[PDB]
Every structure is written in structure tokens, then in C-alpha cells.
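Here is what each chain is made of, one letter per residue.
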Amino acid sequence: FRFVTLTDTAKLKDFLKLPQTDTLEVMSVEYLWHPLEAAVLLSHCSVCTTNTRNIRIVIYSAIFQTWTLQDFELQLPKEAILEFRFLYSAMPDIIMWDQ
Amino acid sequence: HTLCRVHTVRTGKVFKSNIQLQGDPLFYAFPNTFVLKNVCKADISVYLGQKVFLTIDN
């Protein structure tokens with residue numbers, strides 16, 4: 001239980017080419033079935049000041065030390081609390097639930 | 001519903017990427033549409049019609 005910061009939302013904003021000053025938060029993190037990969041769930045609305053929030057998934061690979069954006073288009077109210085599980089598959093298939 | 005079931009493929013649009021088209025798009029001269037498959041590599045194909053699409057993927 002000695003560890004170092006993996007990443008932060010500022011570097012994620014730089015990587016995702018986001019215009020900065022947007023609202024980016026990490027809802028959850030989960031190891032997928034790949035032994036050396038982990039997916040981080042992000043809530044973003046570009047300084048929306050609106051209840052709606054786009055939900056995105058970014059997968060971090062420790063072999064390559066590389067972050068990759070994923071095709072995830074879901075939109076939620078900001079009040080939702082999201083938890084997700086990865087299923088038993090080679091491909092990244094997930095189950096989310098927002099209470 | 002009967003015969004086949006529709007589903008749409010759409011990727012890379014997760015964020016509002018804005019890449020404008022360069023040049024003048026090609027169009028198949030004939031009214032009917034056609035799909036020409038590379039015989040050896042099944043994945044590579046060309047959709048010929050109103051607009052021409054050359055896909056390395058299927």
C-alpha cells in the first residue's frame with residue numbers, strides 16, 4: 001500500500017484534446033478482464049451548468065502506459081452515482097447501474 | 001424484424017471532432033449502387049454510388 005498517482009483530470013483534459021476549464025470528474029475505476037488494463041469512467045459537460053452530463057470511458061494500458069478513448073455515448077443527470085462491472089469476455093463489455 | 005435486423009455502425013464521434021472534407025468527392029456515374037469486393041482480402045471493399053467509400057474494415 002505504497003503507491004504513486006496514476007493520473008489526474010488535467011492530463012486527461014490535455015490528452016482528450018478538451019478545451020480545458022471544462023468539468024471533468026472520475027466517477028469510477030475498474031480493472032477489466034485483461035490482467036494489465038483498467039478503465040476509468042468520466043463525467044463531462046464542458047462547463048454546461050446543466051443537469052445533463054456526458055459519460056465516457058478511457059482505458060489505461062500498463063503494458064504500453066497508454067490511455068485510449070472508447071466509443072461510449074451515454075448521458076445521465078448529474079445527480080446519478082454510477083458503478084460498473086466488466087463481464088467475463090476478451091472484449092470490453094460492461095454493465096453499469098445508476099441506482 | 002422479418003428477414004434481417006437493423007443495426008448501425010458509428011464510431012469516432014464520441015467527441016465533437018470537426019474535420020472538413022478535402023477535395024471533391026467522387027460519385028458513381030450510374031444510377032444503381034454497387035459494392036466491389038477485393039477477392040483476396042474480404043475486409044477491403046468499395047461502395048460505389050452517390051458517394052464512394054473504400055473500407056479496409058468490413
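The present account deals with the structure reproduced in this document. (Residues numbered from 1 in each chain as written, not as in the entry; some residues may be left out. Chains lettered and ligands numbered in written order. Part of a larger assembly, values for the part shown. Heavy atoms only, no water.)

## Topic: the overall build of chain A
Here comes step 1: Scanning chain A for helices and strands turns up 1 helix and 7 strands.
Here comes step 2: Counting helices and strands in the order they occur from the N terminus, chain A gives α-β-β-β-β-β-β-β.
Here comes step 3: Taken over the C-alpha trace, chain A has a radius of gyration of 14 Å; the compact-globule value for 99 residues is 13 Å, and the two agree within 12%.
Here comes step 4: For chain A, the spread of C-alpha atoms along the principal axes amounts to about 40 × 30 × 30 Å.
Here comes step 5: Buried residues in chain A amount to 34% of all 99 residues.
Here comes step 6: Counting only contacts in chain A whose residues sit at least 6 apart along the sequence, the fraction spanning at least 24 positions is 33%.
Here comes step 7: Only carbon and sulfur atoms are counted for the fraction: they give 59% of the accessible area of chain A, which is about 6,900 Å².
Here comes step 8: Here chain A contributes 8 positively and 12 negatively charged side chains, and the mean placements of these two sets differ by 7 Å. (Helix = DSSP H or I, 4+ residues; strand = E, 2+ residues; numbered from the N terminus. Rg over C-alpha atoms; globule rule 2.2 N^0.38 Å. Buried < 20%, exposed > 50% of the residue type's maximum accessible area, 1.4 Å probe, protein only. Contact = heavy atoms within 4.5 Å. Areas by Shrake-Rupley, 256 points an atom, 1.4 Å probe, with all protein chains shown as cover. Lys, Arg positive; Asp, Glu negative; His and termini not counted. Charge placed at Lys NZ, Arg CZ, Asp CG, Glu CD.)

## So, the interface of chain A and chain B
Here comes step 1: Facing 9 residues of chain A, the contacting portion of chain B comprises 5 residues.
Here comes step 2: Both faces combined, the contact of chain A with chain B buries some 540 Å², and carbon together with sulfur accounts for 64% of it.
Here comes step 3: Counted by class, the side of chain A that touches chain B contains 4 nonpolar, 2 polar and 3 charged residues. (Buried area = accessible area lost by both parts, 1.4 Å probe. Nonpolar A, V, L, I, M, F, W, Y, C, P; charged D, E, K, R; others polar.)

## Examining the sheet that holds strand β1 (residues 34-37) of chain B
All names here are of chain B.
Here comes step 1: With respect to topology, 3 strands assemble into an open sheet ordered β1-β2-β3, the strand pairing being antiparallel. Edge positions in the sheet fall to β1 and β3 (53-55), since each of these pairs with one other strand and no more. Strand-to-strand twist in this sheet, taken as the mean axis angle between neighbours without regard to direction, amounts to 15°.
Here comes step 2: Bridging between β1 and strand β2 (residues 45-48) involves 4 bridges; their strand directions are antiparallel. Along β2, the bridge assignment pairs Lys-37 with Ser-45. (Pairing = 2+ DSSP bridges. Axes fitted to C-alpha atoms, helices over the stretch in contact; angles between N-to-C directions.)

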